[PDB]
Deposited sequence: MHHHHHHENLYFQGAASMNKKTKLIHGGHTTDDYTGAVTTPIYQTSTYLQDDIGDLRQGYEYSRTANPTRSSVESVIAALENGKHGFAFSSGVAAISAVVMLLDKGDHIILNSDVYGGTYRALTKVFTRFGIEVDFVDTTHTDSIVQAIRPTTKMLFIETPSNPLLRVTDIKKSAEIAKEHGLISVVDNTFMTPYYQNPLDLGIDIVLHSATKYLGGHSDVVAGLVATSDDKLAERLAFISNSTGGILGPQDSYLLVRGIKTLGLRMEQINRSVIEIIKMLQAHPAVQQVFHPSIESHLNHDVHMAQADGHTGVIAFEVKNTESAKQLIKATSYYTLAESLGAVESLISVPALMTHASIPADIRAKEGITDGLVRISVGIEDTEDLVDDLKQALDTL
């Protein structure tokens, strides 16, 4: 019963019971000696099946999401990939139309070849999920807020919709992190993250994390992980644990700057509109406040055209033009350039700019972006 900032330091198991080392040892090892045949010395026999450094980060994400079983994968895509392989051929899964672009690509071009049929639904309306549910629908996949336009979906209702129809509810909590949003506490079966983003938070790990409280769903995830082998390595597991330590402090510095930056974007004439769940005029803004304690650092705002966005990027000094988000350094991107009907259903327009607020000084970030907008 510790507070969130305390949970990030002592939640789970990140110490060495053997030597007392206050950080998780990095087990660069493949196999483990057995004193007697079949008798494992500490539960370990082969690192693909289980590795102590990986089990440590798996116990952390489980503790942060108030779950019971954690799983670490080589990438957030590998985590999503392992989750959908819970379904069989002829099975059916519903997602929000505005999922992360890589998620759309994986389910439409990879997993449809295996007999999994996919339906996309603007989940901002809860009952619209029920329109697309079939007697073969087994999974409801929610990504709130979405990438990169931050559409909010009612998690607590989607869980009830999933629970009623015998559906496996999944939430992609990458943008909110366990520090501000806990889908497992709202009835969801499985929560997953792209740990590449906020959790690692230092632009130096590609990883995915999955957590659940259901036993039999966990034994199925462990079976898929051990049989498809998309496991996170020990070195990356350790850097994940290390980065998670400062998640609360990083999110709070990010949230402070998000406040000041939004107030500047909404008052700058060179900006057409701003997209963020903290805005009262934003769609489903009251749903977000009911299910989340804070806000993501991804902000979307549209200038007039793509060429103005390229000029705006070249005018800044602290915003790094690159992919990914949630890092200590602020990142800037043009989602349209980094099919057209799906891109429009994701909210991506020309002149749409996505920023990821870092942990630099607030006034420095506001005045840098504002001075850049003055040139348009």
| item | value |
| --- | --- |
| Ranges of the deposited sequence (numbered from 1) for which no C-alpha atom is modelled | 1-16, 355-359 |
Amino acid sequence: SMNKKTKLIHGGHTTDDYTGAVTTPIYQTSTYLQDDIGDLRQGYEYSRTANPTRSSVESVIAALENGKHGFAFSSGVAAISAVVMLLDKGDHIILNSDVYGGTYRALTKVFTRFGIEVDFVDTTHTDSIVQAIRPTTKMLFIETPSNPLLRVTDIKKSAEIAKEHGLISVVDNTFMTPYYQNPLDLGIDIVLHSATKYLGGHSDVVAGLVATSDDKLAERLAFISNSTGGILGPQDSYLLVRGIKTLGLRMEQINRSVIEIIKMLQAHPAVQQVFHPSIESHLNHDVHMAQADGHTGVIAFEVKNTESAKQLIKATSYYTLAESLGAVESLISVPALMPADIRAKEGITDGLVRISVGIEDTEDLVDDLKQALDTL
From here on, numbers count along this sequence of modelled residues.
property	result
Between the two ranges 20-28 and 352-360, the one averaging a larger CA B factor in the entry	352-360
Mean C-alpha temperature factor, higher of 281-289 and 106-114	281-289
Out of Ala322, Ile342, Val328, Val57, highest CA B-factor residue	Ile342
Member of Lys197, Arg256, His92, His295 with the greatest C-alpha B factor (per the PDB record)	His92
Modelled-residue ranking by C-alpha temperature factor, third containing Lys138	highest
Cα B factor band for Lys304 (lowest, middle or highest third within the chain)	highest
Third of chain Cα B-factors occupied by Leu376	highest
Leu64, C-alpha B-factor rank within chain (lowest, middle or highest third)	lowest
Third of the chain, ranked by Cα B-factor, where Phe175 sits	middle
